[PDB]
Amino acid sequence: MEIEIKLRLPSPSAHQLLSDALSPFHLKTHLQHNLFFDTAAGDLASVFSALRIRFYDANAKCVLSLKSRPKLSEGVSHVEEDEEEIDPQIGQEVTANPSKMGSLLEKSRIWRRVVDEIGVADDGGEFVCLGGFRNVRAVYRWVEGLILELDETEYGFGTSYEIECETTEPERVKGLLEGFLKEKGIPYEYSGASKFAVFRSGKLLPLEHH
C-alpha cells in the first residue's frame, strides 16, 4: 500500500513562491512524459486500474507501473501499485505497437500481474494507447529526510500544480506540511483527484479553494 499526502496549489505564483521557499532543499528536477494503455473495451478501467509507461527526459529512463483501486480523502492518498524500471527502447516499442505489448513485456512482473488479475489475452493484441501528458517534477529532501515532490503538470487542456509526500505517518506529516505552507504564505487545498483521473476527465477539477 502506497500512502502519499497530496496538496494542490492554485496558481503559477503560488508554485513560484513555494519553489523559492524549498530551494535550500533541492535534490533534482526532471521532465516526465506519462503514457497510458488499456484494452479497447477498457477492461483495466473497469476494475479501477491504470497501466502507465513513464519516460524521463530524453528517453533516459523508463518506468512501467500498474496502479489499482486508488482512494483519496482529506489530502491523504492510498493506492495499490507495482512498478519497475524497463529498457526505454522497449517502452517506446510498446508505444509504437501496443498490440504487441504481451510479447514485448512477456518477462515483466507487471505485465504478468495485468494478465493474472484482469484475465486479458496473454498476447496483448487488444491493447491500445490512451494518450498521456507531460510533467515537470522538482524533488526536495526536507525535515526528517522526508521527500517532497513539486509537480507542474501540463495536460492538453490546462496546467495544474501539486506538492506531494510519501510517508508512513500520513496524519503527522500532513500536519507538518500544512504548517509549513501556512508559515510561508502558500495557498493550497487538498488534491481531490489523481493526475490520471484528471487526464481521463479531460478538464481541470474546479479548483474549489475558499
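In case it trips you up, residue 1 is the first one in the sequence shown, and so on.
Looking at the entry, does 119 to 127 or 77 to 85 show the higher mean C-alpha B-factor?
Higher mean C-alpha B-factor in the PDB entry: 119 to 127.
For the C-alpha atoms alone, is the average B factor greater in 106 to 114 or in 89 to 97, going by the entry?
Higher mean C-alpha B-factor in the PDB entry: 106 to 114.
Looking at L27, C62, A41, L148, which one carries the largest C-alpha B-factor according to the PDB entry?
That would be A41, according to the entry.
Place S191 in the lowest, middle or highest third of its chain's C-alpha B-factors, as listed in the PDB entry.
Ranked within chain, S191 CA B lands in the middle tercile.
Comparing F157 with the other modelled residues of its chain, is its CA B-factor in the lowest, middle or highest third?
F157: CA B-factor falls in the highest third of its chain.
For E178, return the chain-relative third of its C-alpha B-factor as stated in the PDB record: lowest, middle or highest.
Its C-alpha B-factor belongs to the highest third of this chain's values.
Would you mind checking where the Cα B-factor of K67 ranks among the modelled residues of its chain, as the lowest, middle or highest third?
It belongs to the middle third of the chain when residues are ordered by C-alpha B-factor.
Modelled-residue ranking by C-alpha temperature factor, third containing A58
Within its chain, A58 is a lowest-third residue by C-alpha B-factor, going by the deposited values.
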